[PDB]
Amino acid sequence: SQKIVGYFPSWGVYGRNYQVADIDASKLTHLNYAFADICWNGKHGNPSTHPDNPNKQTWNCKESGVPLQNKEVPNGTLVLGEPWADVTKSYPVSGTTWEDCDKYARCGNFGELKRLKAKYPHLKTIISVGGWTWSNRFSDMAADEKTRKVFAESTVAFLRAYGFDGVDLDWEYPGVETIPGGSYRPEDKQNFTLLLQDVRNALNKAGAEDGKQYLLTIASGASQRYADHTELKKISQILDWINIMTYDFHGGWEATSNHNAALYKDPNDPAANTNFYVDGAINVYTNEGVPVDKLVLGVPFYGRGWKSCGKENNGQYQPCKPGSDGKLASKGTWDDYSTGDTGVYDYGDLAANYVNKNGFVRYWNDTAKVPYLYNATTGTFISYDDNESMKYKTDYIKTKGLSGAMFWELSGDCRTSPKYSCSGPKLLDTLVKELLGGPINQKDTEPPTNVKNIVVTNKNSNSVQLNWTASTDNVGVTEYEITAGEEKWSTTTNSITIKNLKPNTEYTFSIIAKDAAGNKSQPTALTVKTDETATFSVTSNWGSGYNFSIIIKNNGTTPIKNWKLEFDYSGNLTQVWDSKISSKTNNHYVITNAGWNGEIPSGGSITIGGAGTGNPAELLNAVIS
């Protein structure tokens, strides 16, 4: 079974004019969204003004229009890369109010992804973090137990809030300096493993609460050097899979012409012995102990170009000279006065304007199995991938036993765009035909999330009114079924009124959420007695047990010293913090202080916490004495 994981660039929605709606998600199993960032000292971004940093800008993390970030944000927090594009921008006919986008971050690209998953109900969404520009703080965050925890907890909250199915870590690169000013340490090797364990544990906890199986992945470096600075074998066992970046092996940072993503060893390549080609890199990974089913092969939807390059061997493996601007790289598709020359071409741009056009001639290396363009007149050389080379790579994926293909990125395929119109065959259709056999046409298999925070809104001798937090689904939640002994009820909203009940009777109500395809959540329950200050709240809940909280308010004309809470609860409580359980009889409970919780002022509140087993009930007949 094969995977197709596509990268969506946040910034594609501006000049490149590639919107979420444009995406045909029948051709994907997974969509990675690039990028989110790490908060540090109240800002995020990379402030380095070194020339290898393409985005020398930082932003404050505190954002009044984003509920999760409407506060002083602590160090290590996962934060939105660009709030306007990510959650603030309003999209026409989406159903969003002004308040939803303006103060609740329910709009933007994340809103569009929610609509996309509904349209294509097999699709799983991942938030990618870091990347080349925003990897400056991973080392700092991973070096301390406290910032690893903050990061892992923020990741779980991010996923829940904005509807992602997992997180992808793109740390470029542990223990090595990429952009001067960025943090990196040798202990990054042990600390990268600790971070992934800390994230995985957090995701497992939350997946049990939520009824989801959350995914964890990384994007890793295709070199022995990356292997030498990480514990690949260990991390392969923690992750769902590894997106190996088997591209950018060579480009306009070097003075010899070469291939961006060569598949096999070409001995005629001066750099053959560095293993900077696909099969070399896979051999590096397998030799480290990485199972080949844990690798998803990266492929590029772009090419790389040098501006002035020697004429022998049709431009291949020749010396290159810089231009008037001092750079070796040619003027790529999206390059302008502010970017300078980056040598990066969308495949679309190449196919519409460069392949056997404008003086560029296509040649084929039948050893490396990749194409390249050379213009004898200008001296410009371009390494790229096409449908022919893509078909060789899909054959490799199937023969070597890799588990899929990842590609960078969605907007670079043959499309019509503000700067080119390509009408020829699409790289992505090659990946689909070759790895899946054809577009995916599957039904919803993803169940809705578990019901939470069941409360009794009102109670009667013969009736009860229940409310709960609405569950979520990828397509939508159609109804809730409530059971108690022999009886059954249902509702299309997250509340119900139940009538015709025996007075002074104990009932245990189990609630599950359904979707249209017929999936369902796992039951959650609450115990209620019909009729004839301490407020009890449930902080976290898996099936078997839950964490709780009690706030004790003093409405007194005196201070409360050595307080003792007495109440009855038709349920079992196991552990209490900031408190001790004095006694129990027929679900009646006596609780006492921890000695430094003795004093509660009149109008003051003492807050204590505990855990329980089974399902929650209602704290009743409470007294403070």
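One rule holds for the numbers: they count along the sequence shown, beginning at 1.
A.B. asks: Missing residues between residue 532 and residue 533 in the deposited sequence, please: none, 1 to 3, 4 to 9, or 10 or more.
C.D. replies: According to the record, 10 or more deposited residues lack coordinates from residue 532 to residue 533.
A.B. asks: For the stretches 459-467 and 487-495, which has the higher mean C-alpha B-factor as given in the deposited record?
C.D. replies: According to the PDB entry, the answer is 459-467.
A.B. asks: Mean CA temperature factor from the deposited coordinates, higher in 360-368 or in 545-553?
C.D. replies: Per the deposited B-factors, the answer is 545-553.
A.B. asks: According to the Cα B-factor stored in this entry, which of the following is highest: 272, 169, 475, 73?
C.D. replies: So the option with the highest C-alpha B-factor is 272.
A.B. asks: Using the entry's values, work out which of 321, 114, 415, 452 has the largest Cα B factor.
C.D. replies: Comparing C-alpha B-factors across 321, 114, 415, 452, the maximum falls on 321.
A.B. asks: Would you please rank residue 434 by its C-alpha temperature factor against the other modelled residues of its chain and give the third it falls in: lowest, middle or highest?
C.D. replies: Tercile = middle for this residue's CA B-factor.
A.B. asks: Taking the C-alpha B-factors as the PDB entry records them, is residue 163 in the lowest, middle or highest third of its chain?
C.D. replies: Within its chain, residue 163 is a lowest-third residue by C-alpha B-factor, going by the deposited values.
A.B. asks: Using the B-factor values recorded in the entry, state whether the Cα atom of residue 334 falls in the lowest, middle or highest third among the modelled residues of its chain.
C.D. replies: For residue 334, the deposited C-alpha B-factor lands in the middle third.
A.B. asks: Going by the recorded CA B-factors, say which third of the chain residue 13 sits in, lowest, middle or highest.
C.D. replies: CA B-factor rank for residue 13: lowest third.
A.B. asks: Using the temperature factors of the C-alpha atoms in this entry, rank residue 255 within its chain: lowest, middle or highest third.
C.D. replies: According to the entry, residue 255 has a C-alpha B-factor in the chain's highest third.
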